[PDB]
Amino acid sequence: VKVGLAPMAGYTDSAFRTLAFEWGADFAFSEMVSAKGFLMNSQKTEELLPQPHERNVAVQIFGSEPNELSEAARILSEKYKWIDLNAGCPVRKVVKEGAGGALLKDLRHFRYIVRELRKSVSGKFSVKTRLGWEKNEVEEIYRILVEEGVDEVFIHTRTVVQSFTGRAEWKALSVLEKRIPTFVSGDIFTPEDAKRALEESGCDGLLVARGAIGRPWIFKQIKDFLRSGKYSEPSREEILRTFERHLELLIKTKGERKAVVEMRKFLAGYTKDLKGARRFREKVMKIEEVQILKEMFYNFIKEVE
């Protein structure tokens, strides 16, 4: 069973991906990369690309037109060995553009895009998608991917229209004869969720997304649980050290100012269920100096114990 960190725009940058690998994740993905922005040499897209030496990390691209996706894939293939296509995002901005989950609105057009991308991805080509645009059409979507030579598939078990409402219907993948590595995603917050999702879907592995924000040890817990039926929670000292390591990685990769801004997104997760976390978060949300943030987090933990 393989357990990977899902792509999460705004969260899964190189620092968080690295931290996840330091807790046992098997693989990860870049934040979604606009194919058009990449071809335009935009600064924003250039900053999202993984380094070519960064192992086991896909470059996920998004777009609505076959020519931009294929061209971006051909160019990226010169340096990256694994390209993934986002065909699941329900975000309004992305769907309005006809990208992400909007690619599932017309499966004839989806097949066209997948066939053209297959020709342009020299290495491993995967697709991350959903069950369908507005209804479960996963057998057809999966058949397209297998027939067009996709190497691996990641499926968030919700339709695009549901966004994050309703539940991840893990059993929807049980009907699929898994001819290629197939991974389940959706509502995976604990090891118990991970085990049930694997059992109901019949998949080869799973992705952790919201469940890993501020909780990178979830990868080790999931593997511990699947192997032995038991897992443990991190000590307060281990939470502190993880926060410190994450912050150090953020400073190294993005500089002090940006490190503080990015870390703000993970504080709720790191302090989850810690006495007085709400008060602490309120006090640190506007702190701009990285040294002050680090000292307050240290003070908050050592006092909790």
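The numbering used is simple: start at 1 and walk along the sequence shown.
Taking the mean C-alpha B-factor of each stretch as recorded, 177 to 185 and 102 to 110 are not equal, and the higher mean is that of 177 to 185. Mean CA B-factor, 284 to 292 versus 12 to 20: the higher value falls on 284 to 292.
Out of 248, 65, 26, 31, it is 65 whose C-alpha atom has the highest B-factor in the PDB entry. For the set 228, 221, 163, 86, the PDB entry puts the maximum C-alpha B factor at 228. Residue 235 sits in the highest third of its chain by CA B factor, as recorded in the PDB entry. Annotation for residue 133: C-alpha temperature factor in the middle third relative to the rest of the modelled chain, per the entry. Among all modelled residues in this chain, the alpha-carbon of residue 200 has a temperature factor (C-alpha) in the middle third. For residue 74, the recorded CA B-factor ranks within the highest third of the chain. Only modelled residues enter the ranking. Among the modelled residues of its chain, residue 59 has a C-alpha B-factor that falls in the lowest third according to the deposited record.
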